[PDB]
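Following: one structure in structure tokens, then a few remarks.
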Amino acid sequence: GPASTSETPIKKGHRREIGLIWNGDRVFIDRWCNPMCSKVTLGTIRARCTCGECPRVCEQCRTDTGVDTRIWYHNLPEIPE
Ligand SMILES: [Zn+2]
Ligand SMILES: [Zn+2]
């Protein structure tokens, strides 16, 4: 029924995050994709999906150039770019 434990299996995708940045007398919000497979953390953080099927693209990566060589694999070293 309604009132009942609602499991939560694998549901990859694209989930906007929030990485507030304390600078001056104002704050700045950062946009990106965990996308989801990675536990969202209060603050700018880029997790490397292990599935290798996402993030594949969206309204942020699609536009991105590196998206052409997007590494859905968490094999790469870092991101010097
Ligand atoms: Zn993923
Ligand atoms: Zn995305």
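Residues are referred to by chain and number: the chain letter is A, B, ... according to the order shown in the structure tokens, the number counts from 1 in that chain, and ligands are numbered separately from 1 in the order shown.
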Quick one: residues within 9 Å of residue 54 of chain A, only C-alpha atoms counted, chain neighbours fewer than 3 positions away excluded, as a tab-separated table (two decimals) with C-alpha atoms, in the first residue's frame?
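Produced file part36.tsv, reproduced below:
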chain	number	residue	atom	x	y	z
A	12	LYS	CA	21.21	6.25	-12.02
A	13	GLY	CA	20.54	9.42	-13.98
A	14	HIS	CA	21.26	13.12	-13.60
A	35	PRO	CA	25.17	12.67	-11.13
A	36	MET	CA	23.43	10.28	-8.77
A	37	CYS	CA	25.41	7.05	-8.42
A	49	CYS	CA	30.57	6.98	-11.96
A	50	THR	CA	31.62	3.35	-11.87
A	51	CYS	CA	28.67	1.97	-13.79
A	57	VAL	CA	24.89	13.40	-21.31
A	72	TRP	CA	31.88	7.34	-17.62
A	73	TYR	CA	34.56	5.05	-16.25
Restrict the calculation to only C-alpha atoms and all ligand atoms, then for each residue of chain A with any atom at most 7 Å from an atom of ligand 2 give the closest atom pair and their distance in Å to one decimal, rows by chain and rising residue number, as CSV.
residue,atom,partner,partner_atom_place_in_ligand_line,distance
A:14,CA,ligand 2,1 (Zn),5.4
A:33,CA,ligand 2,1 (Zn),5.2
A:35,CA,ligand 2,1 (Zn),6.4
A:55,CA,ligand 2,1 (Zn),5.3
A:56,CA,ligand 2,1 (Zn),6.8
A:57,CA,ligand 2,1 (Zn),5.0
A:58,CA,ligand 2,1 (Zn),4.4
A:59,CA,ligand 2,1 (Zn),6.4
A:60,CA,ligand 2,1 (Zn),5.4
A:61,CA,ligand 2,1 (Zn),4.9
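Using only C-alpha atoms and all ligand atoms, the shortest contact distance between ligand 1 and any of A:71, A:20, A:3, A:79 is found at A:71.
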Coordinates-based distance that separates atom CA of residue 48 of chain A from atom 1 (Zn, counted along the ligand's line) of ligand 1 (Å, one decimal):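 One can read the atom 1 (Zn, counted along the ligand's line) of ligand 1 to atom CA of residue 48 of chain A distance as 7.9 Å.
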Got a sec to tell me which of chain A DSSP assigns to strand (DSSP E or B), as a tab-separated table (two decimals) with C-alpha atoms, in the first residue's frame?
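File produced: out-v2.tsv:
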chain	number	residue	atom	x	y	z
A	16	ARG	CA	21.70	18.56	-9.92
A	21	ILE	CA	30.93	28.77	-1.77
A	22	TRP	CA	31.57	31.25	1.01
A	23	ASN	CA	33.25	34.25	-0.58
A	26	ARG	CA	27.82	36.58	-0.58
A	27	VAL	CA	27.59	32.93	-1.54
A	28	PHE	CA	27.85	31.15	-4.87
A	33	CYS	CA	25.90	16.24	-11.83
